[PDB]
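The structure appears below as structure tokens.
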Amino acid sequence: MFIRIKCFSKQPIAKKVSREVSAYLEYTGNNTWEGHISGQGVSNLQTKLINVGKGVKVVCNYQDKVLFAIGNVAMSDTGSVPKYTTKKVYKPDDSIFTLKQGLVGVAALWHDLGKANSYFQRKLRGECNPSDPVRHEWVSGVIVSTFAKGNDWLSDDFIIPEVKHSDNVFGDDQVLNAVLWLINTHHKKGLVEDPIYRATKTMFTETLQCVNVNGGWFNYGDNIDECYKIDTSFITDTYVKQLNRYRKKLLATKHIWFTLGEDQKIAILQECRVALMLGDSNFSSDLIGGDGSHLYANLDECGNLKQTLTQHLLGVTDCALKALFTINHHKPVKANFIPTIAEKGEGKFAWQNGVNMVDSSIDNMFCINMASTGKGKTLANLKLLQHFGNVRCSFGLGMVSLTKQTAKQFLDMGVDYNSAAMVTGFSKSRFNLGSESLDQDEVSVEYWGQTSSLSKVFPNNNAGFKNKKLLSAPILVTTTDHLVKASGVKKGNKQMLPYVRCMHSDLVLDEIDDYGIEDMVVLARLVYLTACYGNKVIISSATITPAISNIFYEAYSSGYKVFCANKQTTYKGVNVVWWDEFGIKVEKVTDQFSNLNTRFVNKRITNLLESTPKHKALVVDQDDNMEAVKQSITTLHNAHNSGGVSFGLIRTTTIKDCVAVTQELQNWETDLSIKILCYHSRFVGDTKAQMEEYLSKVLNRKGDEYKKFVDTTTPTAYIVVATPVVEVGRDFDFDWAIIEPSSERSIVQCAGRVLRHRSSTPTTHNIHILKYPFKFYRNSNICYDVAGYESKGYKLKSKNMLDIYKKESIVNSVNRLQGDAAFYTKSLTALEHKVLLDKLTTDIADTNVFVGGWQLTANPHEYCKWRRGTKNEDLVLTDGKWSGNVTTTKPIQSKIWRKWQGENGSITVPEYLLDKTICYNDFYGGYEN
Amino acid sequence: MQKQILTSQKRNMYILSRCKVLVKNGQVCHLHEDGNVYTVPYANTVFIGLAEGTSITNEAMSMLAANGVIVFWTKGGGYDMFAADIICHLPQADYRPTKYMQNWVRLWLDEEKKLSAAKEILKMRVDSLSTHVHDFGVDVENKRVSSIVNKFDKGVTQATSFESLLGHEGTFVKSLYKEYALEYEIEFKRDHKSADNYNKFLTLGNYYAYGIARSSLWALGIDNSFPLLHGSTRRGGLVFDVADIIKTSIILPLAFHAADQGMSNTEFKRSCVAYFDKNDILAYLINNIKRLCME
Amino acid sequence: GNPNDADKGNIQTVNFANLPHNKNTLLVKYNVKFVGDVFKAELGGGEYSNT
Amino acid sequence: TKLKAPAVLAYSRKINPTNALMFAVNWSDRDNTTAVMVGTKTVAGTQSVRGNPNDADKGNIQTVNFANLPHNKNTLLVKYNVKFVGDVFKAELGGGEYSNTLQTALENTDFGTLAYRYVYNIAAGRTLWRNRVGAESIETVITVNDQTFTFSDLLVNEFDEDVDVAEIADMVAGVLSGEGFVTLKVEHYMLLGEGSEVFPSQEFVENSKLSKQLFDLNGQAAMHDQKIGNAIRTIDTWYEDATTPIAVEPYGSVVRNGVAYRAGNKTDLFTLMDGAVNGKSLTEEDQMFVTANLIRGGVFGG
Amino acid sequence: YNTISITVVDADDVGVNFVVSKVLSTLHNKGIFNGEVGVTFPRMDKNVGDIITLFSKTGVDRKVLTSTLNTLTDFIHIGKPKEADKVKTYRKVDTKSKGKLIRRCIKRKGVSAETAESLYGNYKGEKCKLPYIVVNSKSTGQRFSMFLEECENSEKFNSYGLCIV
DNA sequence: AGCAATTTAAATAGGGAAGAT
DNA sequence: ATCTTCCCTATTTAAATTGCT
Ligand SMILES: [Mn+2]
Ligand SMILES: [Mn+2]
């Protein structure tokens, strides 16, 4: 590897980086180094070139592509290294940036006018309840609305009038309404409980007129008259001139505001709100010290009076203005040019040369990567990102362990921690034992990286470790919940960090089908927000349903419409890149996405069907599923075994179902040597982690290394009874599976856990589908709702899987890829597709995906909750002693193959099952006994 | 303190001539006798060498050794036929991996095991020829080179004494050196005290292969003071076996090509860097001693 | 099993029986009564028992 | 392989000491043994408990025991018989799929050293915890199979070489390695001084109850048999970071220090016996520790 | 003032503080603290500590006190005599509980028992929580607990090593 | 002997103004 | 408008000296 590093730094920092860059490369003179170094040499050079201080101006070239660029060095757009750099380059009709500046400046000088009431003064001094009857943002909104109703609010002297209690402060003037919504929602968004309003309201002001004081601001309301008697000590020199210059700025630019569309207004006001909380939290974090008394805004850690309200408003204004400037004029730090990506894929990765069919100069890209598992999907996503140049992306993945797997792939192929940042925000205690030096695994949290210039506008220089890893990451391999808060939050400033993260970075969401329906709705909201700033969305899901692919394209198309009309460019359409392991297709799609997507789906189906059938599923006829499991285990051991040893996966639905199947199979008298494992999610930290590592090392069938992790000498049935934790994110390879039916994507995923690593075709049948789910004996009205898309609004007419599924069927992604809306009441696949198009629709609703008008409100974050689960309290095992109503029990010790013990950790119990003892056990975790 | 760069992937490579080697402002550099200060990339240097009129200091040697750069001094040869004595500072403050030295000792003390290792290392130069084929000079797979390496392999297979190995060593060196001489149409005699460019390019490559061999041996902690091939003529240490594994494959055709094209010594330095870097000859030698040690 | 409760006391009461320290011999008194009619079943049948 | 330990696996106690009866003698009048009586003085004081604030006004007439030497005898005499028994490898509740493997894995145990340290803890005064403190003269007489042994100056912390302890250790190791039993009548004579207060063992009282019960057999002060059994097996100097001999426990755990020395660092007895029945090479010290536990006994099941 | 160290070692079988108290008793009974040798403890946080420190002005040698503590030599350690310009001197503080002062009211004021209960019924009952030692007293035949706390340095000391007045 | 702090000063870059075509 | 020349303008590099280890 031959690199060349050029440096244009000033001051003695130029000399301090010369020591390190002259420790690793030869000096060619004139502050230019050039030579041969290794991969990790480049890394050590990155780590000790960035850590040496601020102001490092380093460009590295590997062959002729830029390896890395330290700082905001413009470096290369076409040629490299400029000369007479200077200012005043373009100076356009910027319009919408002047609009955002005027809105943020006018609102930020009015965002805390409502702290001047006597209640907030005695709240800061501390002789009343610290919770206000009406929040000060609403009081400042009442001030601004009363001033606007009285005088002309855009060109007049200010003077705060006598204000009363107003239920609504939103009128008709679109720009005033924007300023009012920025003022009122600078801490939290208003929440609308009204069902008719949630049913009908769509527009900007027409929804904003329904935002009343009862949506969170009106806490208790007994001291309203003191909350609206206000002093007017803000009339000073610099506050009045700042208010005048920003109001006239808005006055001069609001003529382009009425030429915007609804989508524009929503996205622009979201940006304005994010910059306003950025400036407000930035000025509230630091201590300024000086004060002019008689009025105060915030309190220090000692509770003393600080940050008087005139200079507080001025500081929040300038900090929000500077926030806006750096978030709207940033050339963000991108990743290194990974040299182990750009070469050609060989063999089964040979489809990854589809990036040589995509244009490298497209400003936008919507990848739908429909490639099957085991083909290197995430490596292909990184290849697609690097085809357009240097990489800046957020790999948002479900589960901690899948982020760990993608991080380990990124580490061992070409990516160091100067470009990658693995973020899992829980600090799990799963450590690697055996040998610390001989590990060559366990990707960790260090991020030598490079701190971006956006950290100076965040509160108190961003944060410590976690938010520095969030914001400053070129490549952010993260759990997805660090990105879905970009679309907005209920309370606080947790929106700004993923918002500013997704503003300048691409978004790569892998296996989006494993998320929930509301989770997929907020993920497509994130896709729309990412496309709002021209970034590229890579979706990587093999079993995509047309509905999902369509609504994600429509979210990207609305976002790219926002980005196109935001830079005053005519919208040519979205560069959609359909991708699988058999080919690629790049089309400029502005309309008719459905026929092209279904034609690519049909081409992928015909490229999947002439291949040999790997998963032949038979739906059993035996009604009782207990003895159906027994007979199917006996049949698939007598048919599918490797010299007497067979691996079976009993995929069931819920935990007590799993322990019921386990306790039946343990007490089942047979000549077969059944060896039973329980693989559900309710387990203690230690025990769970141990199951994972063992299962990953015994079900690895790409080699014969497993022969030494199990007793393959004696003919044995190694059976793993598992819940849907096996069908998501597990690289497992079973000889056969017996599936309790809950949804068709569960069938396809548990087909993907059988012969995942081998290529031998089954002869007779490798999957035995149960006749009924076990909830049929508990609830015959609805049985597929647990881990399925059946529900109270979408009920199957019959629950028989002979009626709702094929008796003999080759299970692949084809049934999920096709998409059928008719006959959803008597087939599982059409039931699935129905729900997917009836929840992820092209409407705005309130919990929908095109959400417009409601982004202003708190409604999409309350009624569409990301990871909406049950109450979930956590019973914690502390050194062998349980906390709550747990009561350790003893398992049946009949056929347990492996049982790992646990002493620490915690189990997640729903509040429903907290009533009784969860009865934790070493073999199977939680049950009802 | 990080992984400190592994030795087999270290890339830079110098022999410094007529310059006092010092440290300015953090980095190791060398200052010639005209005021020119050229920096040494000590974190990626494999070895440095010191010719006549050179002088290194203490903290420069420390920054080379603690980073792990083996340093030798080129002069010291005073006999008529032999490269006599090269003085070589080992970085022993870095505590080395141990069991590779134990394996080398368990093969060194057993006489039949040393002979067995002597056998495989004599055909290691034969496979070096086969793997590292240059674009210029001779072709390795011609009838003459294959006939002589076949006679060499047949003779070293039936060998039973180290003096027979020394004799067959002499016929091998005479055979290759003279065949290269024939190809480049010159008369060649290997004298280290000769003004002919085919000779002092060969001594420069002797110093280069010496530095490569001590970096390969020090990367596995192997001392020069365990020569598995020994004799009256062959008394230099283990460096005169792991250095001349790669004469007739790497250095000697490169030395003959450099003495045929006939620019200065610096193109030969840079060509040695280029071929030791492109084919990873250092990592190749380390991996070969790796498959030697555990067998 | 778990070694992390090797700390703190086990502290419980048990029953004990020692000889007093003035006598050094333990005497055990019992009466063993061997009884006849061993082949008759006390409550079983009368064919299988006599065979 | 993978010889999994039985859940019922237990071993009997092989060092059985009697209760250490305590008498008052003189230093030169060693035959006149008068029994040390536990006196008991009453103390008037109101009760103070966390659960009953209403009962703190009146009650709790407590009567705390004590035990001193009489004011005419200056030497405390402690008599107990330590019974070492053989076949320490026989499990009483275990069986012989695991215990027989233990027999054939701990046959190379040097019982000589094990027994030495047992008889040295017998003789040096490890069985005399708080009443060897401050004694100007320590003496131990061991009577074993009509043989009398005299010990005067043995420092209890290190197991130094003396041929007297060694002599007894021979027959003790011959018992412990083979079959049978041996009985050591141990009488300790410590000259504390005229009327010095002596230290019997303590019965467990409740958080309330009385202040302190001293151990009584038929009115006379004594010390617990298991407490002496703690003294005899206090031979463990083979754990990592071994400073002082601790009592040989299956986890190397001392309660009074709040730490366990062999727990959680792969040197606990259970991992070593599973290593023995799976046949990895043990050193001499941990194998001696395992044999000392089997001499101590206890149920090892899970 | 030069000083010497007496550190209790290997006292796990017996509490450390019991050995500390026996060191105090054996230092009392065989002289040592005539009127000028005093004690101090470097580690009183909640325990009395395991180091006795003697800061006699004339100078304490190793030989006299090692002959004195011949009875504690199994679990004692004596450091060489070092010097210290300032030692942190402790004194004796005693507790009274009901009947104590009642008998005082018998023998000083000459009042009857019931009126002596009457003047002291709602009073007294102090509780010392200071770090302490447990001392055998030989002249008065009962064993008690003696409490030590920090006070200003006094020229004269008792027979125990604590400050006078 | 290398370096560090710290001064001292020479020079490099850029912006504004004015004069040419 | 474009481009050049020149004057600020101070920002930015290189040398120089010298205790300190
Ligand atoms: Mn506020
Ligand atoms: Mn504020």
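Residues in the structure tokens are named by chain (A, B, ... in the order shown) and by number from 1 within that chain; ligands are numbered from 1 in the order shown.
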**Request:** Collect all residues with atoms no farther than 10 Å from ligand 2, counting only C-alpha atoms (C1' of nucleotides) and all ligand atoms, and output them as a PyMOL selection string.
**Result:** chain A and resi 108-113+115+136-137+186-187+276-277+279-284+297-298+307+309+312-317
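Within the 12 Å cut-off around residue 16 (chain G), using only C-alpha atoms (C1' of nucleotides) and omitting residues fewer than 2 positions from it on the same chain, the listed residues are residues 6, 7, 8 and 9 of chain F; 14 and 18 of chain G.
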For N, CA and C atoms (P, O5', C5', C4', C3', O3' and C1' of nucleotides), I'd like the residues from the last selection saved as a tab-separated table (two decimals), in the first residue's frame.
```tsv
chain	number	residue	atom	x	y	z
F	6	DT	P	6.98	29.57	28.65
F	6	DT	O5'	7.55	30.86	27.91
F	6	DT	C5'	8.95	31.04	27.76
F	6	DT	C4'	9.24	31.91	26.56
F	6	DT	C3'	8.00	32.36	25.80
F	6	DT	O3'	7.45	33.64	26.28
F	6	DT	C1'	9.89	31.86	24.37
F	7	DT	P	8.34	34.87	26.84
F	7	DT	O5'	9.52	35.09	25.78
F	7	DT	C5'	9.30	35.94	24.68
F	7	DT	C4'	10.61	36.30	24.00
F	7	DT	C3'	10.48	37.42	22.97
F	7	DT	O3'	11.58	38.29	23.03
F	7	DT	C1'	11.27	35.46	21.91
F	8	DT	P	11.48	39.75	22.38
F	8	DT	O5'	12.01	39.54	20.89
F	8	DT	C5'	13.27	38.93	20.67
F	8	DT	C4'	13.51	38.73	19.19
F	8	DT	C3'	12.90	39.80	18.28
F	8	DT	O3'	13.90	40.34	17.44
F	8	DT	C1'	12.35	37.62	17.51
F	9	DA	P	13.54	41.53	16.42
F	9	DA	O5'	13.25	40.76	15.04
F	9	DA	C5'	14.10	39.70	14.63
F	9	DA	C4'	13.59	39.04	13.36
F	9	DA	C3'	13.09	40.01	12.28
F	9	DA	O3'	13.60	39.61	11.03
F	9	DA	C1'	11.47	38.37	12.70
G	14	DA	P	9.09	26.85	7.71
G	14	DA	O5'	10.49	27.63	7.66
G	14	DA	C5'	10.50	29.05	7.66
G	14	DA	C4'	11.74	29.59	8.35
G	14	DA	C3'	12.66	28.54	8.96
G	14	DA	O3'	13.98	29.03	8.94
G	14	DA	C1'	11.89	29.93	10.65
G	18	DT	P	22.50	32.81	24.57
G	18	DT	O5'	21.71	32.03	25.72
G	18	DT	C5'	20.35	32.34	25.97
G	18	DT	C4'	19.69	31.23	26.76
G	18	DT	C3'	20.66	30.34	27.54
G	18	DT	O3'	20.15	30.10	28.83
G	18	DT	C1'	19.27	29.01	26.20
```
**Message:** Distance cut-off 10 Å, counting only C-alpha atoms (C1' of nucleotides) - which residues of chain A neighbour chain F? Return them as an MDAnalysis selection string.
**Reply:** chainID A and resid 83:87
Could you take the residues named above and write them with N, CA and C atoms, as a compact mmCIF listing (two decimals), in the first residue's frame?
```
# COMPACT_ATOMS: atom_id res chain seq x y z
N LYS A 83 -4.99 27.12 -4.44
CA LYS A 83 -3.92 28.12 -4.40
C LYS A 83 -4.32 29.46 -3.82
N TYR A 84 -4.96 30.27 -4.62
CA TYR A 84 -5.39 31.48 -4.11
C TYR A 84 -6.78 31.29 -3.52
N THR A 85 -6.93 30.57 -2.41
CA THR A 85 -8.22 30.48 -1.75
C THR A 85 -8.65 31.88 -1.31
N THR A 86 -9.92 32.17 -1.06
CA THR A 86 -10.38 33.53 -0.80
C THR A 86 -11.90 33.37 -0.43
N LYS A 87 -12.70 34.43 -0.19
CA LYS A 87 -14.18 34.28 0.06
C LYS A 87 -15.19 34.73 -1.05
```
**Message:** Quick one: residues within 10 Å of residue 222 (chain D), only C-alpha atoms (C1' of nucleotides), excluding same-chain residues fewer than 6 positions away - as a PyMOL selection string?
**Reply:** chain D and resi 19-23+35-38+67+78-80+199-202+214-216
Per DSSP on the backbone, what are the strand (DSSP E) residues of region 692-877 of chain A, as a PDB file with N, CA, C and O atoms, in the first residue's frame?
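Output (out-v3.pdb):
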```pdb
ATOM      1  N   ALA A 717     -30.330 -36.790  18.789  1.00  0.00           N
ATOM      2  CA  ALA A 717     -31.202 -35.739  18.286  1.00  0.00           C
ATOM      3  C   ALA A 717     -30.971 -34.474  19.091  1.00  0.00           C
ATOM      4  O   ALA A 717     -31.443 -34.363  20.215  1.00  0.00           O
ATOM      5  N   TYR A 718     -30.247 -33.521  18.522  1.00  0.00           N
ATOM      6  CA  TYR A 718     -29.980 -32.265  19.216  1.00  0.00           C
ATOM      7  C   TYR A 718     -31.085 -31.282  18.858  1.00  0.00           C
ATOM      8  O   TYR A 718     -31.136 -30.766  17.736  1.00  0.00           O
ATOM      9  N   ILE A 719     -31.982 -31.034  19.806  1.00  0.00           N
ATOM     10  CA  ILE A 719     -33.206 -30.286  19.570  1.00  0.00           C
ATOM     11  C   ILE A 719     -33.109 -28.974  20.325  1.00  0.00           C
ATOM     12  O   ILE A 719     -32.733 -28.957  21.502  1.00  0.00           O
ATOM     13  N   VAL A 720     -33.433 -27.880  19.651  1.00  0.00           N
ATOM     14  CA  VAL A 720     -33.416 -26.549  20.238  1.00  0.00           C
ATOM     15  C   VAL A 720     -34.830 -26.001  20.118  1.00  0.00           C
ATOM     16  O   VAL A 720     -35.310 -25.740  19.009  1.00  0.00           O
ATOM     17  N   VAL A 721     -35.514 -25.859  21.248  1.00  0.00           N
ATOM     18  CA  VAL A 721     -36.853 -25.291  21.276  1.00  0.00           C
ATOM     19  C   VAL A 721     -36.714 -23.798  21.520  1.00  0.00           C
ATOM     20  O   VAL A 721     -36.219 -23.376  22.570  1.00  0.00           O
ATOM     21  N   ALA A 722     -37.153 -22.997  20.554  1.00  0.00           N
ATOM     22  CA  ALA A 722     -36.884 -21.572  20.554  1.00  0.00           C
ATOM     23  C   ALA A 722     -38.133 -20.798  20.172  1.00  0.00           C
ATOM     24  O   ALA A 722     -39.045 -21.322  19.534  1.00  0.00           O
ATOM     25  N   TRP A 736     -33.198 -29.634  10.419  1.00  0.00           N
ATOM     26  CA  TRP A 736     -34.625 -29.511  10.153  1.00  0.00           C
ATOM     27  C   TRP A 736     -35.277 -28.664  11.235  1.00  0.00           C
ATOM     28  O   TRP A 736     -34.728 -28.475  12.324  1.00  0.00           O
ATOM     29  N   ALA A 737     -36.467 -28.161  10.920  1.00  0.00           N
ATOM     30  CA  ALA A 737     -37.217 -27.326  11.842  1.00  0.00           C
ATOM     31  C   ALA A 737     -38.678 -27.742  11.870  1.00  0.00           C
ATOM     32  O   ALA A 737     -39.260 -28.118  10.849  1.00  0.00           O
ATOM     33  N   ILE A 738     -39.258 -27.672  13.062  1.00  0.00           N
ATOM     34  CA  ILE A 738     -40.688 -27.835  13.279  1.00  0.00           C
ATOM     35  C   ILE A 738     -41.207 -26.491  13.761  1.00  0.00           C
ATOM     36  O   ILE A 738     -40.776 -25.997  14.809  1.00  0.00           O
ATOM     37  N   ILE A 739     -42.122 -25.900  13.004  1.00  0.00           N
ATOM     38  CA  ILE A 739     -42.499 -24.506  13.191  1.00  0.00           C
ATOM     39  C   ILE A 739     -43.928 -24.442  13.709  1.00  0.00           C
ATOM     40  O   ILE A 739     -44.840 -25.009  13.096  1.00  0.00           O
ATOM     41  N   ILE A 767     -38.995 -29.273   6.666  1.00  0.00           N
ATOM     42  CA  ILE A 767     -39.759 -28.421   7.566  1.00  0.00           C
ATOM     43  C   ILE A 767     -41.123 -29.065   7.772  1.00  0.00           C
ATOM     44  O   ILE A 767     -41.792 -29.429   6.800  1.00  0.00           O
ATOM     45  N   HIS A 768     -41.528 -29.229   9.027  1.00  0.00           N
ATOM     46  CA  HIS A 768     -42.872 -29.704   9.341  1.00  0.00           C
ATOM     47  C   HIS A 768     -43.608 -28.591  10.078  1.00  0.00           C
ATOM     48  O   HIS A 768     -43.298 -28.280  11.231  1.00  0.00           O
ATOM     49  N   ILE A 769     -44.569 -27.992   9.400  1.00  0.00           N
ATOM     50  CA  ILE A 769     -45.348 -26.892   9.953  1.00  0.00           C
ATOM     51  C   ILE A 769     -46.487 -27.477  10.778  1.00  0.00           C
ATOM     52  O   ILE A 769     -47.175 -28.403  10.334  1.00  0.00           O
ATOM     53  N   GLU A 808     -48.153 -28.926   0.864  1.00  0.00           N
ATOM     54  CA  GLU A 808     -46.754 -29.050   0.473  1.00  0.00           C
ATOM     55  C   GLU A 808     -46.331 -27.757  -0.204  1.00  0.00           C
ATOM     56  O   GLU A 808     -46.981 -27.315  -1.158  1.00  0.00           O
ATOM     57  N   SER A 809     -45.251 -27.152   0.278  1.00  0.00           N
ATOM     58  CA  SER A 809     -44.815 -25.898  -0.320  1.00  0.00           C
ATOM     59  C   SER A 809     -43.313 -25.739  -0.177  1.00  0.00           C
ATOM     60  O   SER A 809     -42.748 -26.035   0.875  1.00  0.00           O
ATOM     61  N   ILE A 810     -42.675 -25.255  -1.234  1.00  0.00           N
ATOM     62  CA  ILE A 810     -41.274 -24.860  -1.167  1.00  0.00           C
ATOM     63  C   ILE A 810     -41.242 -23.462  -0.568  1.00  0.00           C
ATOM     64  O   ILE A 810     -41.676 -22.496  -1.202  1.00  0.00           O
ATOM     65  N   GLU A 873     -41.081  -4.765  33.673  1.00  0.00           N
ATOM     66  CA  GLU A 873     -40.246  -4.466  34.825  1.00  0.00           C
ATOM     67  C   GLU A 873     -39.107  -5.470  34.806  1.00  0.00           C
ATOM     68  O   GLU A 873     -39.210  -6.504  34.171  1.00  0.00           O
ATOM     69  N   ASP A 874     -38.006  -5.176  35.473  1.00  0.00           N
ATOM     70  CA  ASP A 874     -36.879  -6.080  35.387  1.00  0.00           C
ATOM     71  C   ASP A 874     -36.498  -6.723  36.688  1.00  0.00           C
ATOM     72  O   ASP A 874     -35.942  -6.078  37.567  1.00  0.00           O
ATOM     73  N   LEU A 875     -36.786  -8.007  36.814  1.00  0.00           N
ATOM     74  CA  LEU A 875     -36.392  -8.717  38.000  1.00  0.00           C
ATOM     75  C   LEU A 875     -34.919  -8.976  37.828  1.00  0.00           C
ATOM     76  O   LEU A 875     -34.521  -9.499  36.800  1.00  0.00           O
ATOM     77  N   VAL A 876     -34.098  -8.597  38.805  1.00  0.00           N
ATOM     78  CA  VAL A 876     -32.649  -8.720  38.666  1.00  0.00           C
ATOM     79  C   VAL A 876     -32.008  -9.747  39.582  1.00  0.00           C
ATOM     80  O   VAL A 876     -32.258  -9.775  40.780  1.00  0.00           O
ATOM     81  N   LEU A 877     -31.202 -10.625  39.010  1.00  0.00           N
ATOM     82  CA  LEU A 877     -30.522 -11.629  39.799  1.00  0.00           C
ATOM     83  C   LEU A 877     -29.239 -11.022  40.277  1.00  0.00           C
ATOM     84  O   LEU A 877     -28.410 -10.602  39.482  1.00  0.00           O
TER      85      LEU A 877
END
```
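Those residues that approach region 134-147 of chain E to within 8 Å, counting only C-alpha atoms (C1' of nucleotides), are residues 18, 21, 22, 24, 25, 92, 93, 94 and 128 of chain E; same-chain residues fewer than 5 positions away are not listed.
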**Message:** What's around residue 293 (chain D) at 12 Å? Count only C-alpha atoms (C1' of nucleotides), leave out sequence neighbours fewer than 5 positions away in its own chain, and write the answer as a ChimeraX atom specification.
**Reply:** /D:10-15,88-89,106,114,230,233-236,247-252,268-270,272-273,286-288,298-300
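In this structure, the chain C residues at most 12 Å away from chain A are residues 1, 2, 3, 4, 5, 6 and 7 of chain C, with only C-alpha atoms considered.
In this model, the gap between CA of residue 219 (chain D) and CA of residue 34 (chain D) comes to 12.6 Å.
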**Message:** Show me, as a VMD selection string, every residue of chain B with an atom at most 10 Å from chain F, counting only C-alpha atoms (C1' of nucleotides).
**Reply:** chain B and resid 22 to 26 57 to 60
**Message:** List the spatial neighbours of residue 127 (chain E) as number ranges by chain - criterion: any atom at most 12 Å away, only C-alpha atoms (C1' of nucleotides), same-chain residues fewer than 2 positions off excluded.
**Reply:** E: 93-97, 124-125, 129-130, 147
**Prompt:** What's the 12 Å shell around residue 201 (chain A), counting only C-alpha atoms (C1' of nucleotides), without same-chain residues fewer than 4 positions away, as a VMD selection string?
**Reply:** chain A and resid 192 194 to 197 205 to 211 843 to 846 851 to 857 859
**Message:** Could you work out which residues of chain D fall inside 9 Å of chain E? Count only C-alpha atoms, and format the result as a VMD selection string.
**Reply:** chain D and resid 126 129 to 130 132 to 137 155 to 157 197 243 to 244 246 256 to 257
**Prompt:** For the atom pair CA of residue 67 (chain A) and CA of residue 334 (chain A), what is the interatomic distance in Å to one decimal place?
**Reply:** 10.2 Å
Can you list, as a CSV table (one decimal) with C-alpha atoms, in the first residue's frame, every residue of region 316-402 of chain A that DSSP puts in helix (DSSP H, G or I)?
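Produced file part-v2.csv, reproduced below:
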```
chain,number,residue,atom,x,y,z
A,316,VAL,CA,-29.7,31.6,22.9
A,317,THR,CA,-30.2,33.7,19.8
A,318,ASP,CA,-26.6,33.8,18.8
A,319,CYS,CA,-26.0,30.2,19.7
A,320,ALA,CA,-29.0,29.0,17.6
A,321,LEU,CA,-27.8,31.2,14.8
A,322,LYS,CA,-24.4,29.7,15.0
A,323,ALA,CA,-26.0,26.2,15.3
A,324,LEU,CA,-27.9,26.9,12.1
A,325,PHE,CA,-24.9,28.2,10.3
A,326,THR,CA,-22.7,25.2,11.1
A,327,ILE,CA,-25.4,22.6,10.5
A,328,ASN,CA,-26.4,24.3,7.2
A,347,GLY,CA,-17.4,-16.3,-6.5
A,348,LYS,CA,-20.5,-15.8,-4.4
A,349,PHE,CA,-19.6,-12.1,-3.9
A,350,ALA,CA,-19.4,-11.6,-7.6
A,351,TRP,CA,-22.8,-9.8,-7.6
A,352,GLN,CA,-21.2,-7.0,-5.6
A,353,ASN,CA,-19.8,-5.7,-8.9
A,354,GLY,CA,-23.3,-4.3,-9.4
A,355,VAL,CA,-21.9,-1.1,-8.0
A,356,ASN,CA,-20.1,-0.8,-11.3
A,357,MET,CA,-23.5,-0.4,-12.9
A,377,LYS,CA,-25.2,-7.8,2.2
A,378,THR,CA,-23.6,-5.2,4.5
A,379,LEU,CA,-20.3,-5.4,2.6
A,380,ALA,CA,-22.3,-4.7,-0.5
A,381,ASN,CA,-23.9,-1.8,1.2
A,382,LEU,CA,-20.5,-0.4,2.1
A,383,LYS,CA,-19.4,-1.0,-1.5
A,384,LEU,CA,-22.4,1.0,-2.8
A,385,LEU,CA,-21.6,3.8,-0.4
A,386,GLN,CA,-18.0,3.9,-1.4
A,387,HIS,CA,-18.9,3.8,-5.1
A,400,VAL,CA,-26.8,-5.4,19.8
A,401,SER,CA,-25.3,-8.6,18.4
A,402,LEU,CA,-26.0,-7.9,14.8
```
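We find CA of residue 534 (chain A) and CA of residue 375 (chain A) to be spaced 28.5 Å apart.
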